[PDB]
Structures are given as structure tokens and as C-alpha cells.
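**Q** Sharing a structure with you now.
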Amino acid sequence: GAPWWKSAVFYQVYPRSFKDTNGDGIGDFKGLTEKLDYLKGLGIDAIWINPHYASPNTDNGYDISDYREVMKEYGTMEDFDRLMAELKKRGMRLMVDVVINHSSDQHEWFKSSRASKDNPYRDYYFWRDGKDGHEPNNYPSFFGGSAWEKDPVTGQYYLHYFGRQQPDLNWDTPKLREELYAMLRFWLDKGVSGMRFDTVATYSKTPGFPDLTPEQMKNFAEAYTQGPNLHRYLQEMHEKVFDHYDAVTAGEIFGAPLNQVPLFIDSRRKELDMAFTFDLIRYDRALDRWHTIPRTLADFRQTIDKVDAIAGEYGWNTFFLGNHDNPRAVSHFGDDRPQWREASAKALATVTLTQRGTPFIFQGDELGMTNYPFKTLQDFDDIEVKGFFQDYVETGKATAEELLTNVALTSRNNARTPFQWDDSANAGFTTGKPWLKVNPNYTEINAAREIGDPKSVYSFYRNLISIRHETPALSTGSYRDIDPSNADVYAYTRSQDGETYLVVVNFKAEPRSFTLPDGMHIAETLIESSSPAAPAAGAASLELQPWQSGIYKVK
Ligand SMILES: [Ca+2]
């Protein structure tokens, strides 16, 4: 039998930018709770929320100062409990974000740890002497400069793969692991249905911390996933935690080669249930994670093919076209120009909700929200781009103008602009001043305008979700790309229990033709976007409008 999460449709809420209810410009728990009916009406089964714990917000939640307290900005523990209860009343499930590769430098564990060399919290983190007057080794950080930061109190350096205020936790210390396990139980005991593990592949560090080779240096993310005890630790966490609950686990597998992924998600291995990979979402990103590289539909579909393959029989993938760290789906994979935005957004919706795996819809993509028109430096404000300035502008590798030109297309802030609820002040997100500026296009792109319009992107998403829910093959069915080399039209089948469905999506802003495989004919049309007429029963080919998508039952 297949678990509930294989056929579930997930929705990612970024609480900071979802709904503000006290005018401070920051989204909160009360805001999310007020909007559960909206998400329920959309057809959402489960919600993944980004970190909601106590945090100095150097990385908007990903620097946690206390794992057993909620973030002051979002509300109180009572607000969280109310959120939990209100989700339960609607039969909805909650997936929380788990950030245990690192903590905030303001966490009490680290305050104690850094205070001396001989305290019981010293080995909760990684402290090392520098060498040759410099850092312990040549480890660079993802968020700028060295991954080693010297502390004048002890004269040693502490490790941080990410922000300087995000010191890595030491999984080699059994006592630390037990603290994390107890922490997970704290939230699981409250009834949490899911856990998403932030940078799950970097938990294990390399013994002795030897220097990275020049080859390794070019893509150091990979080396950070080559910890010798990685899967040993993940298996222990399952044994001591997940094996005692009925929660689904998902891993942000960052930096790891696709061929390593089955080690995380093979159900027989008793590690994680689902994989978030970077292959598709970063398929057109350069190695520096800020430059863009031109790609076609052929690249797009072939990546999906590869990702689906490693899932195999015993593993499972998530599928997403957007998250909190990426440009908007329609801007990134579609055509966000005014005359093509809605059509392409619907086409991407069709793709999202007919992939093999568990789809995650990022907040606002169901409205067809786009990239933000960056202007000022302040618009880009984010710890990652700040690191890019440190590593690329200060070093003279690139000008500020060059960086911003590119980052405008790849900025994480593209996904973090306030959710657009209506056409009131700041799109009805807040009564005050939003922490990040609202996209000006909210006047024509907002929830209120699209709910009432049956032709909207929202209604199309809602119809697709309904269709996927009623059609097992669209979730747990097999997957087959009709023509991996085709760069114009995306076409594939989903099959289960003798029932085969055909998905055809035109990725061009021009009319295209599509011929069905030999011996395959249209039986029914389930749904289409931007199509003036459904195909006749028994059709062996389709005529596609620009950006037309469709789901067909075949015979
Ligand atoms: Ca607020």
C-alpha cells in the first residue's frame, strides 16, 4: 500500500511573506491561520512551513537560537497550537522545517561552547586551531569568505558552512545527537505530520578537516556531502525518532550528486521518505549559484527523467518549480511577459500536478506571481547575495552592476515578496510597511481577482488539483517521456492499473503540432489550457496553441 504522502498535494508557506495581522510588515501565525480556508478551498492536503523557531533572522529562520520556542515575529506557542488545531479541523497536515546542520550563534549551546575550551558544550560544535597563521583549512562558506571564524576568547576557529552566525552542529558528538533527537520528539509529540530537513547531506564532516583539492574547491558543495558517517547518522535518527512516529520525512539534498540520492530515500534503508533535489530547479544555474546558463526544454525534461529514475521502486521524489530560494516559477520556466504570463503559468501548473512524486506548490505560484522588478540595492537585501558581494565584488571578480544584473534573475527575494491577496494597499498583505516591497503587478495579480474568475490561473490550479486527486495514475503512476530530445513540446504518459494518461505541454509561444506514439489515440480530454477546442475522440495527433497544456486519457 502507498502512504498518504505519495498522493498528497503540498503547499509551501513562507510565513514571513504570507500574511501579516499586526501591521509590523512581517507575516505571522495568525495570518496563516486566517488563510487556511483559502488553502483548503484550493485543494491543499498539507503545508510545509519554513522555520518558525526562535531566531535572530540573519537567514530568516535558518539561524535558530532556540528549537523549543517559536519565532517572536510569528507569534506565540499558543498561536502555533491554534494553527495546529485549525489545520486538524480541516483535515490538513503540517510539515515543519528542521534545521540541524547548524544553529544560531545566539543559541545557548553555542554561547556555552565558545566560552572556554573545557566546557561540556565545546564539542557541540567544531573548534579547530588555525594553521600557518590562517584558517584550519581552505573551506569556503556558501555565504561568503571562509567557513572558519576565529573566536578571540579561545583563539580557535569554529566551522560554519553557511552564515558566520550559523555555526555547524557537531554530529560526531553522541550527546549532541541525543539533544537533537529529543528536540525532534518535542515537535512530533505536538502532532506534527511532516519534517523537512534543511541541508541534510552536510551533517557529517570529514575527519581531520584536510584541505580541499583544487578540483574539489571548484565545487566544494559536493565535498561537504561526502561525510563518512552521513547515512549512519540518518539511520540512527530514524531508529531513535521516526520509527516511533507516523510522520513523513523530506530531505533538502544540497550539493550531493544525483546518484547518491537513493541512499537517502530508499524506503528499505530506513532514512528519509522524500527527496528535494537541486537538479531541476538549478538546471540553468552556473556553478557560482548566481549566473544563469541558457537551457532548453530538452535540458528540462532530461533532468526530470534522470531525477525520476533514481527514485526507482523503493524511493520517492518531491516535485516543485519554485521555493523560497529561487526565482518565480513562471519567470524561470515560463514566460512572465504580460501577454504570455497566464498561459505559461497554467502550462507549468499542468506539469507540476502531473509529475510522478509529491508536488509542492510555492505560495503565490497559483496566482502566477512573477519576479520582482529590482531597482535599489536594498531590494536585493539577503544574506546570500551579501556573500556574493564579499566573494565576487570585493575581490574584483565582478562589478556590482554585473552581480545585480544577474542576481535580479536569480535572487531569493524574487520568491519572498508579500503574497498578493487583493488590490488594496500592499496587496492586502499588511496594513503597515512590508519588510520587502510588494510587486507592483499586484493590481492585476492578486488572490481576490482570481478566486472569482473561473478562467484564472488559480481556478486552473484548483481544477488540476481536483483532477490529480481523482486520478491515481497522476500521482503514483509510472512515468515515461515520449521524446526526451524534443525541445518544443513536453509530452509524457502516466500509467497505473491498465489506465494510461497523456500529458502534452507546448513550451513555445508559437503554434506547434504533436503526433501521438504509434497505436496511441485520445480517449478523453480531462482538461486543457489556452485551447479553443478539445481533440476528437480517437485523434492520433494534436494541434497546439502557444503555451497550450492538456491532460488526456488514451486508449
Ligand atoms: Ca506580523
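Counting in mature numbering (1 follows the signal peptide of the UniProt record, and there is no 0), the sequence shown tops out at residue 561, every number present. Built from N, CA and C at the ideal position, the CB exists for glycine as well.
1. Using a Cβ-Cβ cut-off of 6 Å (strictly less than) and excluding sequence neighbours within five positions of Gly393, which residues of its own chain qualify?
2. Any idea which residues DSSP pairs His140 with across the strands?
3. What did DSSP end up calling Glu372 once you bin it into helix, strand or coil?
4. Using the three-state DSSP reduction, which class does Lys181 fall into: helix, strand or coil?
5. Just how far apart, CA to CA, sit residue 563 and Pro21?
6. Please determine, among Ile287, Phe260, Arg347, the residue with the shortest C-alpha to C-alpha distance to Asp204.
7. Of all residues in the structure, which have a C-beta closer than 5 Å to any heavy atom of ligand 1, taken in chain order?
8. If you drop the 5 nearest sequence neighbours on each side, which residues of the same chain put their C-beta closer than 7 Å to that of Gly37?
9. Please report the straight-line C-alpha distance between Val206 and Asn107, rounded to a whole angstrom.
10. For the stretch 413-432 and the stretch 329-336, state whether three or more C-beta atom pairs, one from each stretch, are separated by less than 8 Å.
11. Let's test the definition: count the other Cβ atoms within 10 Å of the Cβ of residue 5 and tell me whether it reaches 16, buried, or not, exposed.
12. In chain order, what residues of the same chain lie with their CB nearer than 6 Å to the CB of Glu372, ignoring the 5 residues before and after it?
13. Whole angstroms are fine: how far does the CA of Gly161 sit from the CA of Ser122?
14. Rounding to the nearest angstrom, what Cα-Cα distance links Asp34 and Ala52 in this structure?
15. Below 6 Å CB to CB, which residues in the same chain sit around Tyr378 once its five sequence neighbours on both sides are set aside?
16. In its own chain, which residues sit with a C-beta less than 8 Å from the C-beta of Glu242, not counting the 5 before and 5 after it?
17. How many Å lie between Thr416 and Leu286 at the Cα?
18. Name the two residues that bound the continuous beta strand (DSSP E) containing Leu548.
19. Quick check: the Cα distance between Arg170 and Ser147, rounded to an integer number of angstroms?
20. Can you tell me where the beta strand (DSSP E) with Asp157 in it begins and where it stops?
21. So who's on the other strand from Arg500, going by DSSP bridges?
22. Alpha carbon to alpha carbon, what distance is there between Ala540 and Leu410?
23. According to the Cβ coordinates, are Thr531 and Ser547 closer than 8 Å?
24. Going by the DSSP bridge assignment, what does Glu407 pair with across the sheet?
25. With a 10 Å radius around its C-beta and 16 neighbouring C-beta atoms as the bar for buried, classify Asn125 as buried or exposed.
26. Out of curiosity, what's the CA-to-CA distance linking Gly363 and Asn265?
27. What is the DSSP secondary structure of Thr356, counted as helix, strand or coil?
28. In angstroms with no decimal places, state the Cα-to-Cα distance between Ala315 and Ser273.
29. For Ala433 and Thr449, what's the separation of their Cα atoms in angstroms?
30. Rounded to whole angstroms, how far is the Cβ of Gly438 from the Cβ of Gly81, which I believe are closer than 8 Å?
31. Do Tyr209 and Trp177 come within 8 Å of each other at the CB atom, strictly closer than that value?
32. Taking the Cβ atom as the reference point for each residue, do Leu48 and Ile473 lie within a distance shorter than 8 Å?
33. Which two residues bound the contiguous beta strand (DSSP E) that contains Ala335?
34. So which of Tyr496, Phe284, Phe339 has the shortest CA-CA distance to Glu258?
35. Let me know if residue 567 comes out buried or exposed under the rule of 16 or more other beta-carbons within 10 Å of its beta-carbon.
36. Kindly indicate which three-state DSSP category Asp69 falls into: helix, strand or coil?
**A** The short version:
1. Locating residue 393 in the sequence shown gives position 387, counting from the first residue. Within the same chain, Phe149, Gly150 come within 6 Å of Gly393 by CB-CB distance, once the 5 residues on both sides are set aside.
2. As a first step, residue 140 is located in the sequence shown; it is residue number 134 there, counting from the start. DSSP, once it has assigned bridges, lists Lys137 as partnering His140.
3. Position 366 of the sequence shown holds residue 372. Coil, per DSSP.
4. Sequence index remark: in the sequence shown, residue 181 carries index 175 (1-based). DSSP, reduced to helix, strand and coil, places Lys181 within a helical segment of the structure shown.
5. Outside the displayed span of the chain (7 to 561) sits residue 563, for which this structure offers no information.
6. Position 198 of the sequence shown holds residue 204. Closest by C-alpha distance to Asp204, out of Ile287, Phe260, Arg347, is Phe260.
7. Taking each Cβ in turn, the ones that pass are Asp26, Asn28, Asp30, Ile32, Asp34.
8. Mapped onto the sequence shown, residue 37 falls at position 31. Close CB contacts of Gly37 within its chain, under the 7 Å cut and outside five residues either way in sequence, are with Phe24, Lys25, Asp26, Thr27 (chain order).
9. Locating residue 206 in the sequence shown gives position 200, where the first residue counts as 1. Locating residue 107 in the sequence shown gives position 101, where the first residue counts as 1. Cα-Cα distance, rounded: 7 Å.
10. A contact exists between the stretch 413-432 and the stretch 329-336.
11. A query on residue 5 cannot be resolved here, the shown segment of the chain reaching from 7 to 561 and no further.
12. For the purposes of this step, residue 372 is identified with residue 366 of the sequence shown, where counting begins at 1. Within the same chain, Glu372 has close Cβ partners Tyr464, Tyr467.
13. Position 116 of the sequence shown, counting from 1, holds the residue named residue 122. Position 155 of the sequence shown, counting from 1, holds the residue named residue 161. Rounded to the nearest whole angstrom, the CA to CA distance from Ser122 to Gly161 is 10 Å.
14. In the sequence shown, residue 34 corresponds to position 28, counting from 1. In the sequence shown, residue 52 corresponds to position 46, counting from 1. Straight-line Cα distance between these residues: approximately 18 Å.
15. In the sequence shown, counting from the first residue as 1, residue 378 sits at position 372. For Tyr378, same chain residues with a beta-carbon under 6 Å away, outside a window of 5 residues either side, are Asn420, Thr423, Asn445 in chain order.
16. Working through the sequence shown from its first residue, we reach residue 242 at position 236. Within the same chain, and ignoring the five residues on either side of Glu242 in sequence, the residues whose Cβ sits closer than 8 Å to its Cβ are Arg183.
17. Taking the first residue of the sequence shown as position 1, residue 416 is located at position 410. Taking the first residue of the sequence shown as position 1, residue 286 is located at position 280. Taking the straight line from one Cα to the other gives about 14 Å.
18. On the sequence shown, position 542 is the one that residue 548 refers to. Unbroken beta strand (DSSP E) run through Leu548: 547-550.
19. Stepping through the sequence shown from its first residue, residue 170 is reached at position 164. Stepping through the sequence shown from its first residue, residue 147 is reached at position 141. Computed Cα separation, rounded: 8 Å.
20. Counted from its first residue, the sequence shown places residue 157 at position 151. Residues 154-157.
21. In the sequence shown, the residue the question calls residue 500 occupies position 494. According to DSSP, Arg500 bridges with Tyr485, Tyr507.
22. Residue numbering aside, residue 410 sits at position 404 when the sequence shown is read from its first letter. Residue numbering aside, residue 540 sits at position 534 when the sequence shown is read from its first letter. Cα to Cα, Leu410 sits roughly 44 Å from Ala540.
23. As a working mapping, residue 531 is identified with position 525 in the sequence shown. As a working mapping, residue 547 is identified with position 541 in the sequence shown. In this structure, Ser547 does not lie closer than 8 Å to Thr531 by Cβ.
24. Locating residue 407 in the sequence shown gives position 401, where the first residue counts as 1. Looking at the DSSP output, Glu407 sits in no beta bridge, so it has no partner there.
25. Stepping through the sequence shown from its first residue, residue 125 is reached at position 119. So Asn125 counts as exposed.
26. For the purposes of this step, residue 363 is taken as the residue at position 357 of the sequence shown. For the purposes of this step, residue 265 is taken as the residue at position 259 of the sequence shown. Whole-angstrom Cα-Cα distance: 18 Å.
27. Here residue 356 refers to the residue found at position 350 when the sequence shown is read from its first residue. DSSP places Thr356 in the helix class (H, G or I) of the three-state scheme.
28. Here residue 315 is taken as the residue at index 309 of the sequence shown, counted from 1. Here residue 273 is taken as the residue at index 267 of the sequence shown, counted from 1. Here the alpha carbons of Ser273 and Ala315 stand approximately 15 Å from one another.
29. Reading the sequence shown from its first residue, position 427 is the one you call residue 433. Reading the sequence shown from its first residue, position 443 is the one you call residue 449. Between the C-alpha atoms of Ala433 and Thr449 there is a straight-line separation of about 8 Å.
30. On the sequence shown, position 432 is the one that residue 438 refers to. On the sequence shown, position 75 is the one that residue 81 refers to. No, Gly438 and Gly81 are not in contact; Cβ-Cβ is about 16 Å, not under 8 Å.
31. Looking up residue 177 in the sequence shown gives position 171. Looking up residue 209 in the sequence shown gives position 203. Result yes, Cβ atoms of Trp177 and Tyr209 sit closer than 8 Å.
32. Looking up residue 48 in the sequence shown gives position 42. Looking up residue 473 in the sequence shown gives position 467. No, the Cβ-Cβ distance between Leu48 and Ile473 is not below 8 Å.
33. One-based indexing of the sequence shown puts residue 335 at position 329. Run containing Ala335: none in the beta strand (DSSP E); it sits in the alpha helix (DSSP H), 335-339.
34. Walking along the sequence shown from the start, residue 258 turns up at place 252. Nearest option by C-alpha distance: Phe284.
35. No information on residue 567 is available, as it lies outside the stretch 7 to 561 that the chain covers here.
36. For the purposes of this step, residue 69 is identified with residue 63 of the sequence shown, where counting begins at 1. DSSP places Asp69 outside both helix and strand once states are collapsed to three, so it counts as coil.
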